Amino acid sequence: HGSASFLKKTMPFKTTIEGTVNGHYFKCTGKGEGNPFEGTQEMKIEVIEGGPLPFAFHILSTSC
């Protein structure tokens, strides 16, 4: 690719999540952006069904 000047600096992403935890159904959407080669990213996740979540969001962190 010659140099970093020819790589995409940032890439956006979108998410849909549907699940059931301990019998509780929920659905989320999310939107974010990251830097593919610097290995950094951030997103916003919104619970659209089943909120407020009756369990710690942390169990979803590696999935979102």
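Just count from 1 along the sequence shown to find any residue number. What we label the rigid core is the largest C-alpha set whose atoms superpose within 1.5 Å from one form to the other.
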*Just give me the stretch that moves more in 5 other deposited structures of this protein: 38-46 or 7-15, judged by RMS C-alpha distance after a core fit.*
7-15
*Could you tell me which third, lowest, middle or highest, the C-alpha B-factor of residue 53 occupies within its chain?*
highest
*Can you tell me which third, lowest, middle or highest, the CA B-factor of residue 32 falls into for its chain?*
highest
*What third of its chain, lowest, middle or highest, does the C-alpha temperature factor of residue 11 fall into?*
middle
*Looking at the entry's B-factor column for C-alpha atoms only, identify whether residue 47 ranks in the lowest, middle or highest third of its chain.*
highest
